[PDB]
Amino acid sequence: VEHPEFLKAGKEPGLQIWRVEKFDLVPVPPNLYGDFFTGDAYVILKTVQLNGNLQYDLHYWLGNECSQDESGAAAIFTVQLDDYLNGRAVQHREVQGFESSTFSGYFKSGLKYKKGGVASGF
């Protein structure tokens, strides 16, 4: 597409985290990786290097107090990123406190939550 963050998505092995902010996909500062605002929703792309190729897992993480615009946008952005990656990503819904062990294991220090978040776009 033309979204600058799509253009960066899945180019190298690693971990990319975006936060939904007012109907947009905004990179999370790397210093804050692993700490999630309970008031927000996030999209996470884990890229792994195989026999040449790259494998993709997309997780959308929903804080217990995130607003419906944020959780809805997280879901849609996940679909759109997958489409941009030619459908090759596996999508995972991650709910605060019930995350998959695969998602937790992306973070050496473990998943942590914080109070607050960005205001809804409604």
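Heads up: residue numbers just count along the shown sequence, starting at 1. Rigid core (definition): largest C-alpha set, two forms, superposition within 1.5 Å.
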| query | 2-10 versus 112-120: which one's CA atoms end up farther from this form in 7 other deposited structures of this protein after a core fit? | reply | 2-10
| field | Chain break class at residue 50/residue 51 - deposited residues not modelled | value | 1 to 3
| task | Return whichever of 51-59 and 32-40 has the greater mean Cα B factor according to the PDB record. | result | 51-59
| query | Out of 41-49 and 72-80, which stretch has the higher average CA B-factor listed in the record? | reply | 41-49
| said: Can you tell me which of 112, 19, 22, 11 has the maximum CA B-factor listed in the PDB entry? | reply: 11
| Chain third (lowest, middle, highest) by recorded CA B-factor, residue given as residue 117 | lowest
| task | Would you mind ranking residue 26 by its C-alpha B-factor against the rest of the chain and naming the third, lowest, middle or highest? | result | middle
| request: Just say lowest, middle or highest third for the CA B-factor of residue 93 relative to the other modelled residues in its chain. | output: lowest
| task | Could you look up the Cα B-factor of residue 64 in the entry and say which third of the chain it sits in: lowest, middle or highest? | result | middle
